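Computed over heavy atoms, backbone and side chain alike; hydrogens, waters and symmetry mates excluded. Proteins get letters first, then strands, A, B, ... in listed order; numbering begins at 1 in each.
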Amino acid sequence: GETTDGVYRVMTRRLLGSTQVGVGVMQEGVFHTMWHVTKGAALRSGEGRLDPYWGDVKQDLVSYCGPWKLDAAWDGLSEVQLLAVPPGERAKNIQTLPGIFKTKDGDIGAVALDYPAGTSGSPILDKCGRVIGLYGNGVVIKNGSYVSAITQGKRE
Amino acid sequence: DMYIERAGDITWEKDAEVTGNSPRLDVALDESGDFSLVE
Ligand SMILES: O=C(Nc1ccc2c(c1)CNC2)c1cc2ncccc2s1
């Protein structure tokens with residue numbers, strides 16, 4: 001099916017009508033999304049089938065057709081853009097300055113933007129347009145809003 | 001059964017809507033990939 005680079009919606013027809021469960025990135029012939037979006041299941045692109053290739057529930061990442069290709073990293077200083085693809089709505093860039101998730105294994109960037117759960121897998125970009133991570137895995141704060149980590153994989 | 005649909009090009013947009021704060025939070029990540037706040 002379609003293997004052109006870009007951002008894609010992950011849809012299902014199992015529930016009522018057509019429902020958007022997430023988003024993903026196509027780069028170098030590899031589809032990249034969050035593990036909780038697909039649960040490692042196969043995907044369809046027109047008449048073609050995309051089989052999982054690599055995945056990890058702890059990182060909450062999965063790649064299809066080949067190994068993880070995205071290796072750009074947040075520089076710890078600059079603003080970034082979330083390329084939000086909300087259910088039933090057009091792709092939209094939103095610029096923000098990331099906060100920090102401080103963990104026992106190191107710091108990670110975090111974006112404080114709230115979108116439907118079906119927006120999980122939407123890429124976060126640097127000023128060169130490079131994908132520095134995916135949106136959709138984080139935490140709920142005092143008022144009930146979400147703060148997502150900038151989740152990035154490792155390019156072997 | 002899941003399927004994918006193209007939604008756009010991956011590019012930076014000059015003069016996009018600029019919003020959102022930058023919180024510094026203490027978090028923990030468990031074996032199931034779930035984050036939680038440590039207080
Ligand atoms: O529940 C979510 N994410 C998630 C689900 C299941 C699992 C993980 C993360 C990682 N381990 C398995 C949400 C993503 C999200 N985005 C914007 C606003 C609200 C939400 S809630």
Side-chain angles (χ1 to χ4, degrees), chain A residues 1-2 4-14 21 23-27 31 35-36 38 41-45 50 56-60 79 81 83 85 91-105 110-113 123 125-129 131 137-139 141 147 149, chain B:
Chain A
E2 196 174 21
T4 310
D5 277 19
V7 61
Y8 285 72
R9 303 176 188 271
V10 183
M11 309 288 300
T12 181
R13 290 213 196 90
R14 187 180 65 90
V21 291
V23 175
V25 175
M26 192 72 78
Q27 188 176 121
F31 189 68
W35 194 90
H36 79 262
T38 73
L43 301 170
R44 181 166 54 81
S45 179
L50 305 193
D56 193 303
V57 161
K58 191 174 170 188
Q59 295 182 45
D60 189 42
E79 286 198 348
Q81 276 181 14
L83 173 41
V85 182
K92 182 185 47 155
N93 294 60
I94 309 288
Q95 185 162 321
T96 189
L97 176 78
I100 305 296
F101 268 10
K102 308 188 181 181
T103 88
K104 70 181 219 293
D105 295 318
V111 293
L113 293 171
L125 316 177
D126 66 17
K127 305 178 189 177
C128 299
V131 181
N137 193 25
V139 90
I141 60 176
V147 169
Chain B
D1 193 60
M2 296 180 171
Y3 64 95
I4 63 172
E5 277 179 346
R6 209 170 175 271
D9 281 11
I10 297 184
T11 66
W12 176 268
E13 184 204 353
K14 285 163 160 183
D15 296 317
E17 176 204 337
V18 187
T19 193
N21 72 310
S22 327
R24 288 187 197 242
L25 307 164
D26 293 322
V27 305
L29 175 73
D30 74 14
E31 201 177 85
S32 305
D34 298 326
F35 284 107
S36 61
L37 280 169
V38 168
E39 305 230 16

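- Per-residue heavy-atom pair counts under 4.5 Å with chain B were compared for A:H36, A:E2, A:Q27, A:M26, and the maximum is reached by A:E2.
- Using a 4.5 Å cut-off between heavy atoms, A:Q59 does not touch chain B at all.
- In terms of heavy atoms, A:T38 sits closest to B:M2 at CA-SD, 3.9 Å.
- When heavy atoms are compared at a cutoff of 4.5 Å, A:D126 approaches chain B solely by way of its backbone atoms N, CA, C and O.
- Put simply, of A:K58, A:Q81, A:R9, the one with the most heavy-atom pairs under 4.5 Å next to chain B is A:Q81.
- Most heavy-atom pairs under 4.5 Å with chain B: of the set A:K104, A:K127, A:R14, this distinction falls to A:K127.
- Residue A:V23: no heavy atom, backbone or side chain, is found under 4.5 Å from chain B.
- Inter-residue side-chain proximity for A:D5 and B:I10 is flagged as unmet; no heavy-atom pair is nearer than 4.5 Å.
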Return a table of donor-acceptor pairs under 3.5 angstrom between the side chains of residues 17-38 of chain B and protein atoms on other chains or two or more places apart.
unit_1, atom_1, unit_2, atom_2, d
B:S22, OG, A:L97, O, 2.8
B:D30, OD1, B:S32, N, 3.0
B:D30, OD1, B:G33, N, 3.4
B:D30, OD1, B:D34, N, 3.1

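- In terms of heavy atoms, A:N93 sits closest to B:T11 at ND2-O, 2.9 Å.
- Remark: A:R13 pairs with no residue by the salt bridge (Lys or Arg N to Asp or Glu O under 4.0 Å) rule, at least two apart or across chains.
- Only the side chain of A:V131 has a heavy atom closer than 4.5 Å to any heavy atom of chain B.
- Looking at A:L83, the atoms closer than 4.5 Å to chain B (heavy atoms on both sides) all sit in the side chain, from C-beta outward.
- When heavy atoms are compared at a cutoff of 4.5 Å, A:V85 approaches chain B solely by way of its side chain, counted from C-beta outward.
- For chain B, the nearby part of A:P123 is the side chain; its heavy atoms alone come within less than 4.5 Å.
- When A:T103, A:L125, A:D56, A:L50 are compared by the number of non-hydrogen pairs under 4.5 Å with chain B, A:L125 comes out ahead.
- With a 4.5 Å cut-off on non-hydrogen atoms, A:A149 touches chain B through its side chain but not through its backbone.
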